[PDB]
Every structure is written in structure tokens, then in C-alpha cells.
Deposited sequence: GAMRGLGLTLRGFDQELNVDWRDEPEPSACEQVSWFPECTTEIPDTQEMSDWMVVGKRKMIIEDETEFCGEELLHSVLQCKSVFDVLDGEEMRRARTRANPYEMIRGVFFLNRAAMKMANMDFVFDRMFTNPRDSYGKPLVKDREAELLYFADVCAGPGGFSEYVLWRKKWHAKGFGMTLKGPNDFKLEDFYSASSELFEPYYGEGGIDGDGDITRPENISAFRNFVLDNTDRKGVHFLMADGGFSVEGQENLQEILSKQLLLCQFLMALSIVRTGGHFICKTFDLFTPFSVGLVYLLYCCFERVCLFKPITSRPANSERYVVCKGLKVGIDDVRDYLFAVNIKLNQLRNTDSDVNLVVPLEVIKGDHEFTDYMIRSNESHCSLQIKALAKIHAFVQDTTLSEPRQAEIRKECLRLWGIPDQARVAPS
């Protein structure tokens, strides 16, 4: 694998969108046969419905190269190999915060300055109007810190995240109501329990005139140490519930941004297909603040449509089933038929092209880290200058925490 003739790194990033959906939103009747249960499949190597075999097998093999290497040694090389590494978190509580700073710029401030379908801003700060947002799978809270810092005032947020070591750290915010699923501070904050979903949903609706938030951010993940290649499969329920939460609390015309990992499986692509039916426009995007060797990307959904209740209730039901099937030999493996997805040739084309381009880049980034492990003299000379250019472009002042 040759990573060495890759283009120069740059603060300039390109976005590609799914074409606008041209079909009706599916109703309950249409979806009645869509949920397929089968044996639990802890196998990723044959998942080629939306990606060529050679690319899939290559990315798996480039990850597995690291099975024998000490973690810190790999990370030290990663630090040197990533052109965008030095951005870090700037003055925010973590580097995750700068992923939202990055993407709020790239998507034309659609999150901090949301507009109606005709382009007119919805929130008038001069009139003291409130921007309402939500943040789930979200502790310690960088994404929210960013939103609150950009707005300075007149931004009301609602959050839900697991208790414990990765809970919100509101005290660490540079410049907001966490909710755990039972009222006040009570509950475990688990987005996969149906009662927590419903409770958070009512909490947010009751506090937004029953309309919902201008937008929802979701950034779910957890440790997959020792089973890294299975990440997508291991995080399938979390992906579903975040998508479900978007259809549950985002107001009409509102937006949704959510972290995913690999999107090779029919389960994952079928979920993305549902978002694409439910929103005016959808994109898959990996910001340069997301490290280049990993499977992370973001699905960005603009302009939620009217009439999405049947899809919402469908996903609510699929989640209940996923919970029923935990620790059994079965699982939900499809949520939209493959023949339906691939029947949409425009969708499928974008999907394959997205998966393959991400794989191509990730393969190079992984091979590069391996090279940097073996030769500690290799370097990315323009890290500081690239950092400076990104902050300037994104409107992020170069200042530190006191």
C-alpha cells in the first residue's frame, strides 16, 4: 500500500450529498415485512453488499496488523502521522468539541444558525429568541460546549448520556439540562432502554412547546478493545437508537448529525436509507478533525420532513426486539430489504462510492501509521501551519484555558 503520493493536506474540505429522495415516506403497511430476524452474525469479512471485496479485506488486514503492537507505540506514531493532529481541542474541554466546530463551519452554520426551507434564519438573537438543541451519547459534553460558546447566550440544550466516568462535566465548559430518563437527576441515561427514550422525548417536547429541538447531535461509542474489527456490528443497537431519537425529538424542518463507524452491513445501510427517506437531504462526511486511520464518519441530515411517525414507531419496535434478543443466538439483521435499497440506484451508488472512498483513504492512513511505527524519523512538517489555517477558517480564536 502506497500512502506516499496522497494529496497535500488542506483546511479546504469537500462535501458530497445523497441525491434528494424522490419517493414517499414508508408507512406501517409498507414496513410490515421489513424487520428480518436471523442467527446472530459475528462475521464482518463477507459484508460486501455495499463495498468491493478487495477494499473490505484490505482495510480489515491493515487494522489487524496492529494486533501485536503495544497501544502507546501505535498512538505515538499516529500523533506524528496525522496532518491535522495539532488542532486538538484548543480551548474546549476535549478534541471532540472541535469536530462540531469544524462541521458547523462546513455545513454553513446550519446547526448554530438554523434556517427554514427557504433560507430564512429561524432564531433572531436581537429579539432574544432561543436556539433549542439536544445532545445524546454525549458525555463529557464537548459538542454542547461548542454550541454554547458559539451562541454565547440564548441557547437552551437538553442532554442524555450514561452515568459514570464519562458523564457530563458541565463544570469544565469554557462558557443546559442533562436528563437520565426518570425526572430531574434520576435514571441511568441509557438511550437503548425504551422507557428512557420515551421519557427523554417527553422531557424535550414539554420544554419546546411540544415542537422539539432545532437540531440533535449524537456521538455514541464505547470501547471495542480486543475486538476492533467488529465495531460496526457491536454498535448496531446504539446506532439505531440514536437515529430513533432524531425522529423522536427533532422539530419539523430541523437537523440531525450522528457519528457512525463502518457502514458495510445491510443493517447499517438500511438505517441510513430510513434517514434519507425522512429528511430533505442527507450526507456522509468525515471531517479532518476525525482521525484518518479510523472507521469514524458522520451522517448529516438536513430538514426533517412531515409525516415520519410510522418510521419512528417502526424503529421503536425494532429496538424493543433487539433488547428481547440480547444474549440469545438471534438478532435483527435487516431493517429494510436489500432489494428495496438496491432498487434505489441513485442511493446505492452514493452509498458504495462513500464506503469505497473512505476505505481507500483509511487503508492509506493505516499503512502510514505502520510505516511511522517502524521509522521514527518520518514526519508531517506542516502540522502547526495547517492547525493555524483551520482555526482561522472555522472562526475559532487561538486562545488557551486559564
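Annotation: deposited residues 1 to 18, 194 to 198, 426 to 428 are not represented by C-alpha coordinates in the model.
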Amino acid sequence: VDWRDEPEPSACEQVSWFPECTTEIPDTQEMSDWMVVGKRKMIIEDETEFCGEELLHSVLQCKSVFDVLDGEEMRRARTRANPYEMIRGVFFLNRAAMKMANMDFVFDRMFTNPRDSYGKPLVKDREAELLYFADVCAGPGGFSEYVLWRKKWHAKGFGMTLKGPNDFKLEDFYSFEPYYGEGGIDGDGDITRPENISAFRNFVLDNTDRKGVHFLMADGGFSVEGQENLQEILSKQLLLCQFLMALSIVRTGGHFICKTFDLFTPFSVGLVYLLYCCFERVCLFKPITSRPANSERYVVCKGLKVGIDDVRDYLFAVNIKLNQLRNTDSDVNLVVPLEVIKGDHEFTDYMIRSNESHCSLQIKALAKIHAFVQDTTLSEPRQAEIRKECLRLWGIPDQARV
From here on, numbers count along this sequence of modelled residues.
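Look at the mean CA B-factor for 40 to 48 and for 333 to 341 in the entry; the higher one is 40 to 48.
Higher average CA B factor: 125 to 133, of the stretches 125 to 133 and 112 to 120.
When the C-alpha B factors of 59, 35, 367, 361 are read from the deposited coordinates, the top value falls at 59. When the Cα B-factors of 192, 290, 166, 102 are read from the PDB record, 166 comes out highest. Ranked by C-alpha B-factor against the other modelled residues of its chain, residue 219 falls in the lowest third.
The entry lists a Cα temperature factor for residue 147 that places it in the lowest third of the chain's modelled residues. Per-chain ranking of the deposited C-alpha B factor places residue 177 in the middle third. Per-chain ranking of the deposited C-alpha B factor places residue 71 in the highest third. Per the deposited record, the Cα B-factor of residue 378 falls in the highest third when ranked against the other modelled residues of its chain.
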